[PDB]
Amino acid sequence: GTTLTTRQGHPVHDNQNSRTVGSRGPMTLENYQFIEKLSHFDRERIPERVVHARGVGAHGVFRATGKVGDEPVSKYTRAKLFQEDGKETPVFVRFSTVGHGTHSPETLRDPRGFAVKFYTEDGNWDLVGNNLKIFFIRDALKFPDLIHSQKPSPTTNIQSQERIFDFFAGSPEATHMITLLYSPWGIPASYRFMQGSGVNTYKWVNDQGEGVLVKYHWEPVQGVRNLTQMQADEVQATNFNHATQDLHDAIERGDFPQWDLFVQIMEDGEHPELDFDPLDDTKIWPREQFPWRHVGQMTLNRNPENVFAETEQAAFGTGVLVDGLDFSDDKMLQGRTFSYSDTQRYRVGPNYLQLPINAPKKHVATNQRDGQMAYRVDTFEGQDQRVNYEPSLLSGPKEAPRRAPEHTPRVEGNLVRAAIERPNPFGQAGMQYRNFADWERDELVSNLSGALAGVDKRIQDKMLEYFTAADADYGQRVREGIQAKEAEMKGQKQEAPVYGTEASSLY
C-alpha cells in the first residue's frame, strides 16, 4: 500500500544506489529503475502559458438567485445554471498575472487574471476575464504586438518601460488602460481583495431567441485593496509568492473568499446616442446609464491537492459557452476565441479536454477520435464502435432537438479592414482621472513620471499628448514629474551597481 514502485508496478528495493560494476564502478544499461525515473523527470515541464504564466487555482461553487437584478433571469437568458434559486454549480477558478513567467514576483505591475470555469448541466462555461474592466487594445490583431512590448526585451530579458510606452505612443486607445494600470489599481494587494470582469462584451439569449449585450462583473465580499509601488517593493523584498500564499492559506484556515456576480444588460444595436462603442473593450459602461444587476454569488472553498495536475493544466476559452450565452461583434472577443483552443492543444495537450480538471461533469458523446494520450473514447454504452461519424443509419450519436429558437442577428456591411467609427481614446480616460481620489492620482503621476524618465523624447511627447487630451491637469502633472526626475537623474553618478560583501576563495 505504501511500497515504492516503478510506474510499471515493479516494487523498488533500492532507491538509493544505481546498478554498477562494483560499488564504485561504472553504471550499466541494466538500470531500468534509473532510466524510467529520470526519463519521466526530464519531461516534467510543459511550456508555460504565453501570457498569465504565474497563477494559483481554487475549487468552489456558484449559487444562482434565479433572477437578474429584481426581475426573472429567464427574461434575458435561458442559461440553465441561472434558472433556479439556490442552484449550485461547481466551479474552478485560476487567478494570475500577465507579463512575466512562472515563479515571477506577484508584486509586479500587471492586469490580473480572473478565469472561472462553470461545470454546468449544459456543459462547461469559461468566463475568461481580468480584474480591470477594460484592456489595452480594441483589436486582437495587436495582441502579440502588445505582449511583446509588455514582456521582457529579447536583448536583455528584462522589462523596459521605454519599450512599453513605445507601443503606447502609437496606440492612443490604451490611454484609459494606462490610467488604471499605473494607478494603485495596477497592483491588487491580493486575489481575495480584488474585482473581476469579463472585460469583453457578450450576449444573453432567452427563450425567444432574443439577444442583449452583456458585461460581467465580480464584486469581492472581502472588499478591495490595492498595493502601492512603495508597499509592493516592501513585500517583494521577502516574498515573491505573496498572492498565491494569501489565497491558499485563507482557504486552508476556513476563510473562504466570496464574489458576487453582477451583469450589465444593454439592448442590441449600434446605439448612436453614445460617444463610445459598446463593443469597444477599452470602454466601460457607466453605472448611472447601465446599472449593475445581481445574478449570483461564488465561493471558493477548496485548494488543489496537486498544483500541476489541476491549476497548471487548467484550460479556459472564451468560445466555451453554454446554451443561453453567445458572442458579440466585439472584435477583441472573437479574436480571443481562436487563440485559446489553438494554444491549449500545444500547451496542455491534443486531448486536454479529457483531463479531469478540464472535462465536463456530465455525459459526453462525440465522434472525435484518437490524438496523443487518448485516455478514453467518447462512445456510449451499446454503440456500434465502428461508427464514428454523423449522420449514420447504423448507429452513433444524434443531433439535439432545438427546444428554443437560435439567435440569428442581422449583419450588414462591406468586408473591410477598418477601425470602429467611434474610437474616443481619451474620453473615459479623463473621466477616470478626475473621478480618482487624491492619493490615487498622486500614485498615477508618480509612476508615470518615474517610468517615462530617460525614455526617448518622441515617445514622451506622444504620451504627454495623450494624457493632456484626457485631462489638462493629467498631462501637466506628468510633464513636471518627468522634468523633475530627469533633472535629478542628471545630478547623480550612474556607476555599475555593486552587490554583496567582498569575499575570498576557500581553496
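The first residue of the shown sequence is 1; numbering continues from there.
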Response to the item:
Higher avg CA temperature factor (23-31 vs 473-481, as deposited) belongs to 473-481
Worksheet item: Taking the recorded C-alpha temperature factors, which stretch has the higher mean, 366-374 or 211-219?
Response: 211-219
Worksheet item: According to the deposited entry, which of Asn200, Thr155, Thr77, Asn130 has the largest Cα B-factor?
Response: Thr77
Practice prompt. Could you tell me which one of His103, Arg94, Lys331, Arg403 shows the highest CA temperature factor in the PDB record?
Written response: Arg403
Fill in: Third assignment of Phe41 from its chain's C-alpha B-factors
lowest
Discussion item. Is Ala451 in the lowest, middle or highest third of its chain when residues are ranked by C-alpha B-factor?
Written reply: middle
Item to complete: Please place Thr175 in the lowest, middle or highest third of its chain by C-alpha B factor as given in the entry.
Response: middle
Discussion item. Per the entry's values, where does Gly86 land by CA temperature factor relative to the rest of its chain, in the lowest, middle or highest third?
Written reply: highest
Worksheet, complete the sentence: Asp70: C-alpha B-factor third of its chain, per the entry, is the highest
